[PDB]
Every structure is written in C-alpha cells, then in structure tokens.
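In: Experimental structure and sequence below, a few questions after.
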Number of protein chains: 2
Amino acid sequence: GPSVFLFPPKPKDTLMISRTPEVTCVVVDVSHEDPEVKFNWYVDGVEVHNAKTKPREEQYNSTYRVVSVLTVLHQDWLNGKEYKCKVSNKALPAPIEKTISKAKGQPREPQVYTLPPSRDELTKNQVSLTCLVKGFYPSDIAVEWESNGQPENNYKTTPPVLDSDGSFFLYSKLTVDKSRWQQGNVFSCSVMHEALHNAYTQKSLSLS
Amino acid sequence: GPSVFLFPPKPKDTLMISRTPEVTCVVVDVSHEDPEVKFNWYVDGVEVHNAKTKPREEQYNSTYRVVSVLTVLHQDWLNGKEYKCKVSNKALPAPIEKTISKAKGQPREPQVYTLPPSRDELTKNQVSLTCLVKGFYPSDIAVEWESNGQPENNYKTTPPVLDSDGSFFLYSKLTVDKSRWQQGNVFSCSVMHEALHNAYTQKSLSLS
Ligand SMILES: *[C@@H]1O[C@H](CO[C@@H]2O[C@@H](C)[C@@H](O)[C@@H](O)[C@@H]2O)[C@@H](O[C@@H]2O[C@H](CO)[C@@H](O[C@@H]3O[C@H](CO[C@H]4O[C@H](CO)[C@@H](O)[C@H](O)[C@@H]4O[C@@H]4O[C@H](CO)[C@@H](O)[C@H](O)[C@H]4NC(C)=O)[C@@H](O)[C@H](O[C@H]4O[C@H](CO)[C@@H](O)[C@H](O)[C@@H]4O[C@@H]4O[C@H](CO)[C@@H](O)[C@H](O)[C@H]4NC(C)=O)[C@@H]3O)[C@H](O)[C@H]2NC(C)=O)[C@H](O)[C@H]1NC(C)=O
Ligand SMILES: *[C@@H]1O[C@H](CO[C@@H]2O[C@@H](C)[C@@H](O)[C@@H](O)[C@@H]2O)[C@@H](O[C@@H]2O[C@H](CO)[C@@H](O[C@@H]3O[C@H](CO[C@H]4O[C@H](CO)[C@@H](O)[C@H](O)[C@@H]4O[C@@H]4O[C@H](CO)[C@@H](O)[C@H](O)[C@H]4NC(C)=O)[C@@H](O)[C@H](O[C@H]4O[C@H](CO)[C@@H](O)[C@H](O)[C@@H]4O[C@@H]4O[C@H](CO)[C@@H](O)[C@H](O)[C@H]4NC(C)=O)[C@@H]3O)[C@H](O)[C@H]2NC(C)=O)[C@H](O)[C@H]1NC(C)=O
C-alpha cells in the first residue's frame, strides 16, 4: 500500500518571524483503484483545519503522489508541540499516523568567533575566513556569510560536531579573493539558533 | 545469513613506516546452528595465506562475530592494491565477497594553517586554538595536537568536508586553559597525509 513521509520546517524558517515554517506530509504509492486520500492534522492532539492539500499528481510509475502542507506558528514549533499527520486511504485497514516535533534537549547558546586568515595563507590569491560557532545545543542551526548585507556564496560549513562537554560546535569557511580582504572589505558570519537572543547574532571580520 | 564488513587500515598506520596497517574482515550474524566460517583473502586477485582469523566470539545477542585480519604492506596499500575478503558459511548459498582499496583520485597536498583564539574569546577562562587543513585529497588523514612533545587532551576534529574544488578541508579545535595560552606556551598541530612530504608536517601556534 501507500507510504507516508512527514517533513519538518527548516531551522531558518522557524527562527525568522517573516518566514513561514511548514510541515509537509507526503503520500506516495497511492493506487488508481483506491486514489482517494484524506488528511487529518493535529497539534498536541488537537485537530487543526488550516492545512492546504494540493490535488494528487501523476508519477511516471503509475501511482499517485499527494501532499498536504500545514503552516505552523513559529512559537508552537519552538515550544515543542507535536505535529501529527494521519492520512486515510481505502487500501489501508487502518489510517497511517506519523508525528514530528523539534529535537529535544536543554538549549545552549552558541558562542561565535570570527578568525582571519593565517599570515601563511596571505601568499595565496584566495584566503579563508573562519567562523567558529561553539557551545550550542540542539544541533539544529543556520550559519551564513554576507558582505554589504548581501550573501557571500563561496563558503562551506562543517557538520555539527559533538564536543567534550556535550554541546556542539562547527566551523564555517568563506573563501574570498585576497584582494577583497586587502581592500578592507568587511565580512559577516550570521548565525541563527533557537538559544540565541532573538534567535540571531552576527560577528564581523575585516583586515586589521 | 551473516553479513560481512571489510575495513581499511587506519591512515596513521599506513602513513608511518614503523606502524603496521591491517585490513579487517568481520563477519557478524553467524548462527550457533551452523557456526563455521572460512576466509579466503586476495590482493590484486592473487590469494594470500598470511591472514589471521580470530576465534569466534558470542555476542550479547546470541550470534557469533568472527574476525580475520590481514597485514598489508605500506607501499601496496598506498599504490592502490585491491584487497578482497571472501567469506564462506553453510548458511550462505555462496560466499560473500567484499573488496577494498584506498580511495581513488589524484592526491593533493594539505595546506595547514594555525589560527589563534579570537580576541572576543579572551573573556572565557578557556580558549580555542584552531588548526585549518585544506585542499587535501584522499580524505584519509590524521590530525593531532601537542605541546612540548606531549599530546593534548581536550581537542576535537571535524570530519573532512568536500570543498567546492573537489578537495577536502577540516578544522581541529584544541581547547586550553587561557593561562596556558597567555603564559606563552607553544602548541603544535601535526598532520599526516599521503601527499605530504614524508607524509607529515606540523605547524605551531603561540602568543607573541
Ligand atoms: C513512484 O514514484 C514516486 C515519485 O518519485 C519518482 O518519480 C519519478 C520521476 C522517478 O524520479 C522515481 O524516482 C520515482 O518514481 C516515488 O515516491 C518516492 O518514494 C520513496 C519511498 O519509496 C521516498 O523515499 C523517501 O525519501 C525521503 C526523503 O525525501 C526527500 O528527499 C528526497 C531526495 O533525497 C526527495 O526526492 C523527496 O521529494 C524529499 O524531498 C524533500 O521533500 C520535502 C517536502 O516537500 C521538502 O520540504 C524537502 O526540502 C525535500 N528535501 C530534499 C529535496 O531532499 C527519506 O526521508 C525516506 O527515508 C526514510 O524511509 C526509508 C524507507 O523507504 C528508510 O529506508 C530510511 O531509513 C528513512 O526511514 C526513516 O528513518 C529515519 C531515521 O532512521 C526515521 O526518523 C524515519 O521515521 C524513518 N521513516 C520511514 C521508515 O519511512 C525515503 O527514502 C521518496 O521521497 C518519494 N519521492 C517523492 C518525490 O515523493 C515512489 O517510490 C514510486 N513508487 C514505486 C516505484 O513503487
Ligand atoms: C548482534 O550484535 C552484533 C555486534 O554489535 C554489538 O552487539 C552488542 C555488543 C551491542 O551492545 C551493540 O551495541 C554492538 O554493536 C551486531 O553486529 C553489528 O552489525 C551491524 C549491522 O547490523 C554493523 O553495522 C555496520 O557498521 C559499519 C561500521 O562498523 C564500524 O563502526 C561501528 C560504529 O560506527 C563499530 O562499532 C564497528 O565495530 C565498526 O567499527 C570499526 O571496526 C573496524 C574493524 O575492527 C576498525 O578498523 C575501525 O576502527 C572501527 N571503527 C570505529 C568507529 O571504531 C558500517 O559501515 C555499516 O554500514 C554499512 O552497511 C549498511 C547496510 O548494512 C549501509 O547502510 C552502509 O552504507 C554500509 O553499507 C556499505 O556501504 C558501502 C558504500 O557506502 C558499500 O561499499 C558496502 O558494500 C555497503 N554494504 C551493504 C551491506 O550495503 C553498518 O552500519 C556493526 O558494525 C556490527 N557491530 C560490530 C561491533 O561488529 C549484529 O548486527 C547483531 N545481530 C543482530 C541480528 O541484531
């Protein structure tokens, strides 16, 4: 029969008030013989009615895919409420339940430090700007770089690493042309995490 | 039936000539029912009889786990020789074969940079010393911290991260008491990788 997959909002969506976090209930392997699918949604066990269900869609394997999207309140998700998708279909003897909620654990505020390139890297035509983010908990986090308030794309970020104290750390590396670093351009490492005041903090880095 | 997992030598073992690297063939889910397991090993497809099978061990789940280890020559591993473990068990209709060799791809020399603590971190009573190693290929690498010859306790190293150019980078974070840093003690990041000269380099960091 059909299977159900329940997706969480992205961290950044729950941590920025102007964004809209959603959880997504995807239903695959629905048959032509039993194509009707019903969604029921619950927040902490209370039925909720404002989900948006798109009409079913083809799939090249002759099964249907159907998705229901539930907008969540930023505060509900961050406060650990449980989101349940129920999904009914005639091929099933019993409707399928999936539940999802934010990672548990006592939250711990990231500390964020920017580190300029080693002097030894100064020969090269590109140099590395490092943002260390440490001491955070829930591992869920967003780290981004900008300059002139616009995104700097050329970075990579390590996964969270469990530290000796049970918190997480990571590093992000932004690679820039040496000239930009030498012209005194200011670069900024932005971190969004639930344990941050207003869920955000920024540290800047420039030639000293 | 049983499952088999074939593991490579530790990079520190392949890269230091005084050490002896081994490939490890482990068989789990071996039944009491039919407990016999035979091992045939091959390097570049020719059989060796140089391997050592360890005596079976009953686990907490009642199954047996059975380990064969094959010593490899450093140059054979580094020159890309292929090692095959063939495992035969009565509960197998046919032997399970696993082959392993070192990661393919043109070797690229790590650039190793030490980064001192951010000034903002001086308000803590411990500080972070950062070792950035980038531009390396095979991701296989060993990175260690020490001071005055002695290995440092409190450090953690991210896994290798695939960079935009197809090389890897990582960071290693060493945590020390601020006083040690401000005392003027010298700390050293040691890196072992196939594409380094003598497979080894070390870079120091201290307060000026
Ligand atoms: C018929 O077709 C459909 C449609 O797709 C295709 O159509 C054509 C064009 C071809 O391309 C074909 O590929 C195919 O026909 C098929 O539908 C697929 O069905 C499979 C299962 O059979 C689903 O696999 C699951 O994938 C999810 C992750 O899915 C996200 O990422 C995918 C890319 O990796 C992406 O394709 C998906 O769309 C989805 O994308 C995300 O979607 C959300 C919502 O919109 C979005 O917000 C995100 O940003 C987006 N992210 C992206 C892009 O990455 C994966 O999580 C599932 O793994 C779980 O379940 C497995 C069991 O199958 C199990 O092996 C894993 O362990 C894992 O199990 C979970 O384990 C964790 C931890 O252990 C646990 O917490 C969970 O509870 C547990 N859950 C379990 C057990 O279920 C899973 O692999 C595809 O998503 C789905 N594709 C689409 C587009 O819907 C269908 O299979 C075909 N039917 C046939 C051939 O019979
Ligand atoms: C009964 O118990 C036994 C023993 O387990 C133990 O039992 C008691 C004591 C409990 O307390 C348990 O806590 C304890 O674990 C069970 O045996 C286990 O079986 C599972 C699978 O069922 C194995 O999982 C695999 O693990 C390997 C990695 O294993 C290394 O890392 C483990 C921790 O991460 C570590 O504990 C293992 O010992 C091993 O550690 C390494 O060991 C070597 C050799 O000594 C050493 O050199 C290293 O230093 C050391 N490393 C570390 C970390 O110390 C993992 O790779 C496997 O993933 C493969 O298989 C999956 C599919 O089966 C697949 O999803 C993965 O992608 C990957 O699959 C492979 O993928 C590649 C490409 O990516 C491909 O080339 C391969 O062909 C492909 N294979 C397949 C099949 O597709 C997997 O996660 C455990 O290792 C094993 N535990 C031990 C200790 O042996 C047994 O399962 C139990 N019986 C039952 C029925 O329940």
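Out: That came in fine, so what should we check first? Residues are numbered from 1 along each chain as shown, chains lettered A, B, ... in the order given. Ligands and ions are numbered 1, 2, ... in the order given.
In: Now the nearest residue to residue A:125 once chain neighbours are set aside: phi and psi?
Out: Leaving aside its chain neighbours, residue A:125 sits nearest to residue A:178 (5.5 Å; criterion: Cβ to Cβ, 6 or more residues apart in numbering or on different chains). To be clear about C-beta, it is placed using only N, CA and C from the backbone, and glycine gets the same treatment. Main-chain torsions, residue A:178, degrees, to the nearest 10: phi -50, psi -40.
In: can you pull the contacts of residue A:178?
Out: A:122, A:124-127 (Cβ atoms under 8 Å, 6 or more residues apart in numbering or on different chains).
In: Inside helices: which ones of those?
Out: Judged by DSSP state H, the contacts of residue A:178 include no members of helices.
In: quick one: which of these is nearest residue B:208?
Out: Proximity of the contacts of residue A:178 to residue B:208 (Cβ to Cβ) peaks at residue A:122, which lies at 16.4 Å.
In: Can you report phi and psi for residue A:77?
Out: Torsion angles, degrees, to the nearest 10, at residue A:77: phi -70, psi -40.
In: Ok, residue A:181 next?
Out: Main-chain dihedrals, residue A:181, degrees, to the nearest 10: phi -70, psi -40.
In: and the gap between the residue lying closest to it once chain neighbours are set aside and residue A:175?
Out: With Cβ to Cβ, 6+ apart as the criterion, residue A:181 has its nearest non-adjacent residue at 5.3 Å, and that residue is residue A:127. With distances taken as Cβ to Cβ, to the nearest Å, residue A:127 is found 7 Å from residue A:175.
In: same check, this time on residue A:114
Out: Going from residue A:114 to residue A:175 by Cβ to Cβ gives 14 Å.
In: How many neighbouring residues does residue A:22 have?
Out: Using other Cβ atoms under 10 Å in any protein chain shown, residue A:22 is surrounded by 18 other residues.
In: can you give me phi and psi for it?
Out: According to degrees, to the nearest 10, residue A:22 has phi -140, psi 150.
In: Am I right that it is in contact with residue A:10?
Out: No. In this structure, residue A:22 is not within contact of residue A:10 by Cβ atoms under 8 Å, at 9.2 Å.
In: just the helices in chain A please.
Out: Under DSSP H, chain A gives helices at A:11-15, A:74-78, A:178-182.
In: Can you name the residues of chain A sitting close to chain B?
Out: A:111, A:113-118, A:120-121, A:128, A:130, A:132, A:134, A:154, A:156-159, A:161-164, A:169-171, A:173, A:175, A:203 (Cβ under 8 Å from any Cβ of the partner chain).
In: go with 7 Å
Out: Chain A has residues A:113-115, A:118, A:120-121, A:128, A:130, A:132, A:134, A:154, A:156, A:158-159, A:161, A:163-164, A:169, A:171, A:173 near chain B, with proximity defined as Cβ under 7 Å from any Cβ of the partner chain.
In: Can you give me the domain boundaries for chain A?
Out: Split into domains by curated CATH domains, chain A comes to A:2-101, A:102-208.
In: highest average neighbour count across those domains?
Out: Highest mean neighbour count of these: domain A:102-208, a mean of 17 (counted as mean count of other Cβ atoms under 10 Å in any protein chain shown).
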